[PDB]
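# Coordinate analysis (summary)
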Number of protein chains: 4
Amino acid sequence: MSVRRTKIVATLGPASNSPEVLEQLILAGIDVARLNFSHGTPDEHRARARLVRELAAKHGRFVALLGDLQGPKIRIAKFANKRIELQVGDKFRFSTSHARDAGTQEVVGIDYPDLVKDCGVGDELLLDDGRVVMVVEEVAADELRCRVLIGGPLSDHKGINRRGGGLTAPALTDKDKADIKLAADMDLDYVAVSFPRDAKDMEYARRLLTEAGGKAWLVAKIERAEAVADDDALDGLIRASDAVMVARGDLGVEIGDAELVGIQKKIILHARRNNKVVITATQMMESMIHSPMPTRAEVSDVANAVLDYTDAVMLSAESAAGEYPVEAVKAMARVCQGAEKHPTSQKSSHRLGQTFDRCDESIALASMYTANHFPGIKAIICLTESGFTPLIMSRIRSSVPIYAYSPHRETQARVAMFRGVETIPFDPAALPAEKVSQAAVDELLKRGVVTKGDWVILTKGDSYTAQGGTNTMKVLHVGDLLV
Amino acid sequence: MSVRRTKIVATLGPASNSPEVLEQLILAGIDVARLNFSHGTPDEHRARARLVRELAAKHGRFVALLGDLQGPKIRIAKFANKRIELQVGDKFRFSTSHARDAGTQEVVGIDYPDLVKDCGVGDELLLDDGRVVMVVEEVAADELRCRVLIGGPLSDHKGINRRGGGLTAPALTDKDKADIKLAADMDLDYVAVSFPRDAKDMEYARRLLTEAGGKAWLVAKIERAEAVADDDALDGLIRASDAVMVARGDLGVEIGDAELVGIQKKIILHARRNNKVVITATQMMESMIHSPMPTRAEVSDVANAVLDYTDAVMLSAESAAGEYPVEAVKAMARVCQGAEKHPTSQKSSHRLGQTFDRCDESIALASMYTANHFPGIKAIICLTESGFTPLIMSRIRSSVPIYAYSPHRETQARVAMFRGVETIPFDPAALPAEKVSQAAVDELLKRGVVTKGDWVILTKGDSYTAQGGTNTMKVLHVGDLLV
Amino acid sequence: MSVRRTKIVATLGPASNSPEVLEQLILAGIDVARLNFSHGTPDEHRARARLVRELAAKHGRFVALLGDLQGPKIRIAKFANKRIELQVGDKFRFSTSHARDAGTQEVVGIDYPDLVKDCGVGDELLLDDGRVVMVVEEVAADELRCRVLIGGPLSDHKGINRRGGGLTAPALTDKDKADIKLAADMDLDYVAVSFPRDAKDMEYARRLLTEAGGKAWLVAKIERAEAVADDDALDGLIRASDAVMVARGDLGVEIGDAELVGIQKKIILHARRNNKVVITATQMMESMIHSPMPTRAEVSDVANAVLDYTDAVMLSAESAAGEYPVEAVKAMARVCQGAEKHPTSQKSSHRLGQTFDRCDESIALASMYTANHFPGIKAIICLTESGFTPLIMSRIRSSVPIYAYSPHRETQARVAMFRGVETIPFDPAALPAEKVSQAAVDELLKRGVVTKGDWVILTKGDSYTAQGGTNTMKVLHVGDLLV
Amino acid sequence: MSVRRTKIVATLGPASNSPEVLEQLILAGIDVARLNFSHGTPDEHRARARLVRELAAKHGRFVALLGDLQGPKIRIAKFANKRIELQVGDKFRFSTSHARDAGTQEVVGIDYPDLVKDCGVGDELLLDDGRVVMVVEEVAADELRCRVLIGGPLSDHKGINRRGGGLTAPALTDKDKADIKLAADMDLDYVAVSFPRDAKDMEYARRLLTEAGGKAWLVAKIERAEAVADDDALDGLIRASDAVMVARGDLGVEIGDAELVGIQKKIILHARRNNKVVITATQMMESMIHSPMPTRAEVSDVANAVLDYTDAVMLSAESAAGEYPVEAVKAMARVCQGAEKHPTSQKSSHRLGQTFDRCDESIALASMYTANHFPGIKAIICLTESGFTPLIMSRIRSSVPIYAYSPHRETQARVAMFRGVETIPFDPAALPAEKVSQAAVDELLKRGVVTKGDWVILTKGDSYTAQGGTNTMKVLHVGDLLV
Ligand SMILES: O=P(O)(O)OC[C@H]1O[C@H](O)[C@H](O)[C@@H](O)[C@@H]1O
Ligand SMILES: O=P(O)(O)OC[C@H]1O[C@H](O)[C@H](O)[C@@H](O)[C@@H]1O
Ligand SMILES: O=P(O)(O)OC[C@H]1O[C@H](O)[C@H](O)[C@@H](O)[C@@H]1O
Ligand SMILES: O=P(O)(O)OC[C@H]1O[C@H](O)[C@H](O)[C@@H](O)[C@@H]1O
Ligand SMILES: [Mg+2]
Ligand SMILES: [Mg+2]
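Residues numbered from 1 in each chain as written, not as in the entry; some residues may be left out. Chains lettered and ligands numbered in written order. Heavy atoms only, no water.

- What the entry reports as its method is X-ray crystallography, with 2.4300 Å given for the resolution.

- Labelled according to the PDB entry, chain A appears under the name Pyruvate kinase, originating from Pseudomonas aeruginosa.
- The record lists the entry's title as "Crystal Structure of Pyruvate Kinase II (PykA) from Pseudomonas aeruginosa in complex with sodium malonate, magnesium and glucose-6-phosphate".
- Here is the UniProt Cofactor (unreviewed entry) comment for chain A, exactly as written: "K(+)".
- Looking at chain A in UniProt, the text filed under Catalytic activity (unreviewed entry) is "pyruvate + ATP = phosphoenolpyruvate + ADP + H(+)". (UniProt positions renumbered as here; feature names shortened; annotations may be inferred.)

Written out as structure tokens, the structure reads:
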């Protein structure tokens, strides 16, 4: 089998907090560790962040760190005895005037006044990611009086949303502003914004991140009905980001699970067309929380995401809280490898008939065209400062390995989420100009990726100091004297 | 929202044995009831068969009955209680001599004489489609003594295989020969053959079925590595059948779960190209055994099967043994409807450039072409004897309703598994020839499917008595005087 | 070789006026005789019209008659001596005020009052169908002072036009109004309008033709720069007609020879898209005026028109005035047959993805689809009243013979210009309804077009009296008992 | 309009022998002068060759010289009185036994032993390039007895051929071997072989040319039925050549005029696929022998050759013997420019799905891909030694100017026949390496082809001395500091 191209995002948590498990996850092949700021303390995150970077370096791997902002997720308050159980037909109330610590079998408090204002009789409310469902029977100034449609347990601080969406909330909370600073302070590679509705929400988050001196790239989580209402809404949000996440948990609540299949495919495609990275997420291997093997549906879900040409697939509870975090990563990685053998994973239309905007864009596209048609080419050596050039290369369907050669750590980590891209640390400026090409080829010969007789593509610009000036494509024969 | 086109196969069992639940399944929209002959007594099947047909007729629905032969897959015997639970590290024994009804927590019997010959110390055994895994620690003359590697439940007649591959029975079992007679005696609409390897296995089954006077159509279950080894193997097996099933449980064990995605798609496509019906099966909504809603992976799995253009999707334990059989069917039906709104579900290339063989094939194809391009057409009235004509129509991607008008019950049930086809009972021979067209159009006007001003396609042959002579296509305006 | 599908229009004149030559032209395969009203007396036309119809009937052929209106010719006045000769660089003047009777080597008069208003310095003037070319050097109050660009002879009443057009003239002259009546009186099948500018000119001609009781179909000659200025101009003119003619003589003068290739292709395509007939004309085999074989350029020109999917190709002086009218028709017919063997002549996209408007349109399209894919089909029996149904069929690329079965003479002749359509005289209303199918099939068996074992398509409507109700397509096996 | 891309080959002769006319032809835009060795003396050719090269240099143009070998004619013997005249309907005989000097009004001898074997009753025989045509009425053991179909004169040693071809003769005659030496001695850029049958004939010609020290590229004239008998025959002959010519005069005789259109298109396409140059020839503007303007058929013929994507179009008698050689070239050039504006002239599929063989091939293809999609690119600077790299570039449909930068005269002339390629004399080896790019860009700035702000593609290899090592593509912004 070939080296896996689709990247794996693994959420960390109680089940993946020790050095022994993190080491095993690194070895199993995680490419990105997600730190969910909805839970844990700042120091818990710092400790994990330090440990993943240490253990990655220990094994010559490049793992990005993604920080996930909680967002304006609306939660219930606490219960007196920490949890309750509800049956179909039971009556239940959400009250702004009920004490936050005194939840009972009949009522719980909520610290969000506009919840009651935005809801009306008939609205369906979904709690704990849809596990419990209620319908609003009566509205008063301070509470919603409901009937349970689908029973189950309820416990402190569980999430609530309305079927259809449309709830008022700010995109950035005060917690999120603090977490943005925390992310900048930890030098996180990616930061994910929850529940954005339009480009403004992402621009605001970008402002705050730069103001805090953060260099992270921004991920827009597509979880709101308004974000997918039409192509302009979606494309606007995508263009304001560096990456997007198909956040199927909250999105499914907002638009209905029966609409997910079409929207997942649209989001991935529109992301790639706008030269952004895309992640597919949520319940991809849920059964592995309690089982050491996935279901056939789970295998199919992941494989189909790979054929949709997602950059990465994500684990949440499977890796953060479940009994088999390492086995989940292993299984996910194996399914990705299998799906990548399909003929549709390697054949491209190469954006025929379209208009290119930039010069560096053109060299990237020209290289993918060349590599996909001259099969003697076994690798692409992309000398890059910020990772932009191999971002463009990896938007094109191919099975050729793309190597991002960079001296910077920021870049070496960034590309870990790019489908088909591997990092090779390399500093061309600190070498005699005439020796750069053979030096780059040496790095692949060391690793056994290419041998004498194979061909390779090298891309670069004129200087080795500025960014955004890729303008050259060379096709080199491994074995020849390379200038 | 439009009428669902993708068909639902629901396996019956303990959870779906009563008249109250079967009535609810019929109302929830099942199109085919599967009777798994691996479990239950002949009279249990007869009782369920009678009840489904009665309850379907009660609600003006046409539900086929599919009988699933156990096949030469090797199974364990019964337990004293029905089931046990095993933990990692537990010891367990498979014995040729142990009583077949007295299985315990420590040993179960097995009707496989070569057990000790085929297995050896170190071999891994897989039970229940890989869910439980054991390693052989000791071999004796009549038993295998094992340690559990992966725990889980075990129950009567669960499948067992060896990781190398050496468990199997040769060609059609004696049980199956008896069940073929039982199927013929019950007038089953479909019969499924397990573990077929090539056209010969299906021809043998067809011989036995016709010898017993059975009119059922044959379903080849694709579960053996040899059946998908190459296109000739697969196409041979498909051509010898009337329908095929993507049996992902056993198939995943035989070829590995990482290869399923590509093969599922190939099987569906090759089936449709050879004008056969295709079912996708196994663990599509497994979490609904214990939960009243599916996971996102399960939603995705089903939806993607619909976009692959499967005829039907299947439930096994979800409907047969689980806690929420009705909710599973409802959920599956809702996901199908959502996926059918996708633009790829309705647009066809119409087999351009290909060569047709038959005349009735040509009229079917010509009607789908016409309907897909003249949007005034709201339905296709296909007068058919055996259901062959609407079989061909439904191989072509479309969203136009196909109505199979037939006088025969055999046909009225058969087409229940055809994607996009609805039955309208109708006897053209018992009418004055000049009144047939308006009589057929009346049936759709009664049901509110078409109104005055809509157009319709009618297909038929010259006589109303023979089969295989469809040769006419008419385009009629609802409102006009129809000859 | 197969029966030629592309139709041949042959202009009559002095070289093709006798019964012996007309008989030879009929036998050589002409499908339409063009009567150019620019020359000849009314009785000369009547005599030829009668003779072609007589001789066609004598040999079981269906030849249409097309009457070509002269239109608005702008001409110079007379020269004092009979003819003058000009050399490149010579000076020459056109004067509104000079005496029209005697012209000199330096100046000629002209009956064009707007001359000085319409023309300007730099304009190129083309005389005698482009044979002489001049450029306007100076404009004075009553004359244009020119330099000769291309020399040659000039004589009394030669035509003059301006590169670009914009000379004022009505499309219908008083002569043309008289000729429209003459055409109606002769029962001409087609009438061609010269120099129309827009749909209004064609609607006016249609009014006059119906007022005179004429049943002819109208041909718009695309000869004016204004007619091809943009798609709306062209499409408007096409939609107002039944057929169009790529009139490359005058059109080349108006837009320049270097623009012809693109516009010829556009006109043909837009005509077919709007379900109109199209003729390609002018100098297709000019060398055959004086030679018994065509040049390779002439062969190429005709063949390329056939691959552009023109309905017909035309001869003008080659058949009307030249030394080898019969040999020209024979050569043209042979080149058509050769080009029709090309793979692009028989393969169609079948208007996939498009939206159909009418029901009879749908049956026509459905038949071409069916015939192009079921190769057992050797003919299409199209029962038609007015020829509309086979008009639509013949817009689709195919090599299957289309037979227009009609009782009417108007229709039997009309379809002679339709590519791939042959007339079979037939009256279904005068037969017992149940015997029609086999009666139609008999007509093809008589002619040896189909034999026992071949298949055929029959199209018709419900009654045999009304027009515009084709709604049925049947596929029949020649040899079976046909109802 | 833009600069013409399709190249013009003009045959020289009595009408184009003077310095005044040659100068006018150079200024009118000829790209290649053809020296037909069938006529003229060695010194007549030398004088013309010297004059075209002198006059081209005088006007900064690069005109190749093509030498056309006469090849094999089969000829009749002598007449008693040197010539006779034959009329339509006359009887005439060709006899293998009749005295070779005593030809009469009724019979002539012939030194063709297989005459009776090769010809048969019904065959048409063409003498003196088609001036006389006969049909064979009877065959006897030593003669063919014929009827004259087309009359004319006959004289000693006139050529004879059969419709259908198949007469035995070797591709290279003794005259041709002498002319190969003459071509080498004159340093001709191209040599054309007449009536080759297969790769062997072209390899033999290449041997003789190299043996004589000739550097010319070889043109295979496709005129023999055997050369187009199937794809292997044709492709074999193409692969053994550098260029091919669609020789429609002799080819039409050998396969029939009705087959030319399809074969012209096949030859052009197969030539381009195998990376060869292709010329379309013969009677493209024949009427211009005696007229100063072409017919519409001639305009169409040339334009359609341009849309078929021929590299060049040729004139023979139009430029060599006719009354208007300069006007013919001007007209041909104008028609080419018009046809090049068509949208199909600029859009390419870019050999999607295909497999490339070489590295320099890959850079050429990658540049055409890049140029066709980044419209900021206004030119391609191709540094080439032998012209191979811009040969490959020009196989791809585009409207971007391709500039072949070369120091060698051999190369500067060679590319004159390549569609869309212009020569820029340039010696990169004689410059400081760091100044090459801006030096090349200066050459285009001098000529006003590009301005500040435009982009350009530059291709090259590592050294500036070896051939066959193009391996680099750069995209440069005109105005920036170019390394
Ligand atoms: O745009 P980026 O990929 O960030 O890379 C940009 C840079 O990469 C190259 O290897 C060199 O460092 C520069 O020549 C170029 O400008
Ligand atoms: O649809 P099939 O099973 O091929 O049978 C086709 C039959 O359908 C109906 O009975 C039609 O009215 C008959 O004319 C035809 O023979
Ligand atoms: O082809 P059209 O001119 O529309 O006429 C179509 C007509 O042809 C059929 O043979 C019958 O005559 C009618 O059923 C029909 O109306
Ligand atoms: O296109 P070709 O004939 O192979 O010539 C291309 C060759 O010459 C040019 O000077 C290039 O700069 C060389 O580096 C290359 O090897
Ligand atoms: Mg099975
Ligand atoms: Mg020749």
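## What to know about the packing of helix α1 (residues 19-28) of chain B against helix α2 (residues 42-58) of chain B
All names here are of chain B.
- Relative to each other, α1 and α2 sit at 50°, their axes nearing to 9 Å. Relative to α2, α1 is oriented oblique. Judged by the twist between their axes, the crossing of α1 over α2 is right-handed. Across the interface between the two elements, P19, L22, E23 and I26 from α1 touch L51, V52, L55, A56 and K58 from α2.
- Here the contact of α1 with α2 is composed, by residue class, of seven nonpolar, no polar and two charged. (Axes fitted to C-alpha atoms, helices over the stretch in contact; angles between N-to-C directions. Helix = DSSP H or I, 4+ residues; strand = E, 2+ residues; numbered from the N terminus. Parallel < 35°, antiparallel > 145°, perpendicular 65-115°, else oblique. Left-handed = near helix turned anticlockwise from the far one by under 90°. Contact = heavy atoms within 4.5 Å. Nonpolar A, V, L, I, M, F, W, Y, C, P; charged D, E, K, R; others polar.)

## Structural notes on the site of ligand 1
All names here are of chain A.
- If you check the shell around ligand 1, you find 16 residues, and the closest are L383, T384, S386, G461 and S463.
- Here an oxygen atom of ligand 1 and a side-chain polar atom of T384 are 2.3 Å apart.
- Interatomic distance of 3.0 Å between a backbone N/O atom of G469 and an oxygen atom of ligand 1.
- Protein contact buries 98% of the 400 Å² of open area that ligand 1 shows by itself.
- Taken together, the residues of the shell around ligand 1 break down into four nonpolar, 10 polar and two charged. (Near = heavy atom within 4 Å. Polar contact = N/O pair within 3.5 Å; in protein donor to acceptor, adjacent residues only side chain to side chain. Areas by Shrake-Rupley, 256 points an atom, 1.4 Å probe, with all protein chains shown as cover.)

## Details of the interface of chain A and chain D
- If you look at the interface, chain A gives 30 residues, while chain D gives 30 residues.
- The junction of chain A with chain D conceals about 2400 Å² of combined surface from both sides, 63% of it contributed by carbon and sulfur atoms.
- The largest share of the area that chain A buries against chain D comes from A:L352, A:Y369 and A:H373, three residues that together contribute 26% of it.
- Where chain A touches chain D, the interface holds two salt bridges.
- Here chain A is connected to chain D by 12 residue pairs in polar contact.
- Where the side of chain A that touches chain D is concerned, the elements lending two or more residues are α12 (359-373) and β22 (472-477) of chain A.
- Broken down by class, the residue content of the side of chain A that touches chain D amounts to 14 nonpolar, 11 polar and five charged. (Buried area = accessible area lost by both parts, 1.4 Å probe. Salt bridge = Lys/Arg side-chain N within 4 Å of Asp/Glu carboxyl O.)

## What to know about the coordination of the magnesium ion (ligand 6)
- Around the magnesium ion (ligand 6), the donor atoms from the protein are D:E223 (OE) and D:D250 (OD), and they sit 1.8 to 2.6 Å away. Of this pair, D:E223 sits in the loop between β14 (217-222) and α6 (231-239) while D:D250 sits in helix α7 (residues 248-255), placing them 27 residues apart in sequence. (Donors = N, O, S within 2.8 Å, 3.2 Å for Na, K, Ca; no water.)

## Structural notes on the side chain of A:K7
All names here are of chain A.
- Its location among the elements puts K7 in strand β1 (residues 7-11).
- Within the buried set, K7 has no salt-bridge partner at all; the shortest N-O distance to an opposite charge, 5.1 Å, is to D31.
- A polar contact is formed between the side chain of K7 and the backbone oxygen of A416, at a distance of 2.8 Å.
- Leaving out residues up to four positions away in the same chain, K7 has contacts with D31, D311, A312, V313, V415, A416, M417, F418, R419, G420 and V421. (Buried < 20%, exposed > 50% of the residue type's maximum accessible area, 1.4 Å probe, protein only. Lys, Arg positive; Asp, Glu negative; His and termini not counted.)

## With respect to the sheet that holds strand β12 (residues 159-162) of chain A
Residues and elements named next belong to chain A.
- Taken in spatial order, the seven strands of this open sheet run β4-β12-β8-β9-β10-β6-β7, and their pairing is mixed. Edge positions in the sheet fall to β4 (74-75) and β7 (107-109), since each has one partner strand and no second.
- Relative to strand β10 (residues 143-150), strand β9 (residues 132-139) is paired through six bridges, and the arrangement is antiparallel. Bridge pairing in β10 places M134 opposite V148. (Pairing = 2+ DSSP bridges.)

## Structural notes on the relation of the copies chain A and chain D
- When chain A is fitted to chain D, the residual RMSD is 1.6 Å, and the transformation amounts to a turn of 178° plus an axial shift of 0.2 Å. Both copies of the chain, as the preceding transformation shows, are related through a two-fold rotation axis.
- By residue overlap, the copies meet face to face through one surface: 100% of the interface positions of chain A are interface positions in chain D. (Least-squares fit on C-alpha atoms.)

## Here's the deal with the site of ligand 3
All names here are of chain C.
- In the neighbourhood of ligand 3, 15 residues make up the surrounding shell, with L383, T384, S386, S463 and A466 lying closest.
- The backbone of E385 places a nitrogen or oxygen atom 3.3 Å from an oxygen atom of ligand 3.
- Between ligand 3 and the protein, one listed contact pairs an oxygen atom with a backbone N or O atom of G469 at 3.2 Å.
- Calculation on ligand 3 without its partners gives an accessible area of 390 Å², and the protein chains cover 98% of this total.
- In terms of residue class, the shell around ligand 3 is built from three nonpolar, 10 polar and two charged.

## Looking at the interface of chain C and chain D
- With 38 residues of chain C at the interface, the matching set in chain D holds 39 residues.
- Of all residues in chain C, C:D257, C:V261 and C:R296 give up the largest surface area on contact with chain D, accounting jointly for 24% of the area buried on that side.
- In this structure, the connection of chain C to chain D is made through five salt bridges.
- Note that D:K341 and C:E259 form a salt bridge whose closest N and O atoms lie 2.9 Å from each other.
- Our count for the chain C to chain D interface comes out at 13 residue pairs in polar contact.
- Counting residues per element, the ones that place at least two in the side of chain C that touches chain D are α7 (248-255), α8 (260-273), α9 (296-307) and α11 (325-340) of chain C.
- Sorting elements by how many residues they give to the side of chain C that touches chain D places α9(C) first, with nine residues.
- Looking at side-chain class alone, the side of chain C that touches chain D contains 16 nonpolar, 11 polar and 11 charged residues.

## Considering the relation of the copies chain C and chain D
- Its rotation angle being 179°, the transformation that places chain C on chain D also includes 0.3 Å of axial translation and leaves an RMSD of 1.0 Å.
- A share of 97% of interface residues in chain C that are also interface residues in chain D marks the association as one of identical surfaces.

## Let's talk about the domain arrangement of chain A
Residue and element names in this part refer to chain A.
- The domains assigned to chain A are domain 1 (4-71 + 171-339), domain 2 (72-170) and domain 3 (340-477).
- With centres defined by C-alpha atoms, the gap from domain 1 to domain 3 works out at 25 Å.
- Roughly 2800 Å² is buried in total at the junction of domain 1 and domain 3, and carbon and sulfur atoms are behind 49% of that figure.
- Of all residues in domain 1, the largest losses of buried area upon contact with domain 3 belong to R5, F62 and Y309, amounting jointly to 30% of the total for that side.
- Scanning the region where domain 1 abuts domain 3 turns up two salt bridges.
- Run the count over domain 1 and domain 3 and you get 29 residue pairs in polar contact.
- Those elements that place two or more of their residues in the side of domain 1 that touches domain 3 are β3 (64-68), α8 (260-273), β16 (277-281), α9 (296-307) and α11 (325-340).
- In terms of residue count, α11 provides more of the side of domain 1 that touches domain 3 than any other element does, four residues in total.
- Grouping the constituent residues of the side of domain 1 that touches domain 3 by class yields 14 nonpolar, five polar and 12 charged. (Domains from an automatic or database assignment.)

## A word on the sheet that holds strand β18 (residues 402-406) of chain B
- Taken together, 10 strands build an open sheet; the order of strands is β19(B)-β18(B)-β17(B)-β20(B)-β21(B)-β21(C)-β20(C)-β17(C)-β18(C)-β19(C) and the sheet is mixed. Whereas interior strands pair on both sides, the edge strands pair on one side only; in this sheet they are β19 (421-425) of chain B together with β19 (421-425) of chain C. Strand-to-strand twist of the sheet, defined as the mean angle between neighbouring strand axes without regard to direction, takes the value 25°.
- Looking at chain direction, strand β17 (residues 377-383) of chain C and strand β18 (residues 402-406) of chain C are connected through four bridges and run parallel. Directly across from C:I380, in β18(C), lies its bridge partner C:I402.
- Where helix α12 (residues 359-373) of chain B meets the sheet, its contacts fall on β17 (377-383), β18, β20 (455-460) and β21 (472-477) of chain B together with β20 (455-460) and β21 (472-477) of chain C, and the angle it forms with β21(B) comes to roughly 30°.

## So, α8(C)
- Look at α8(C): 20 Å from first C-alpha to last across 14 residues, which is about the 20 Å you get at 1.5 Å a residue.
- Here α8(C) has its buried residues at C:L260, C:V261, C:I263, C:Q264, C:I267, C:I268, C:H270, C:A271 and C:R272. (Expected span 1.5 Å × (residues − 1).)

## Examining the pattern of salt bridges
- Taken as a whole, this structure holds 142 salt bridges over all chains when the rule is applied.
- Note that B:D123 and B:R162 form a salt bridge whose closest N and O atoms lie 3.0 Å from each other. On the criterion of sequence distance, the pair formed by B:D123 in the loop between α3 (115-118) and β7 (124-127) and B:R162 in strand β11 (residues 160-162) is long-range, its members being 39 residues apart.
- A salt bridge links D:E138 to D:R145; its shortest N-O distance comes to 2.9 Å.
- Overall, D:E138 belongs to the partly exposed group, its relative accessible area being 43%.

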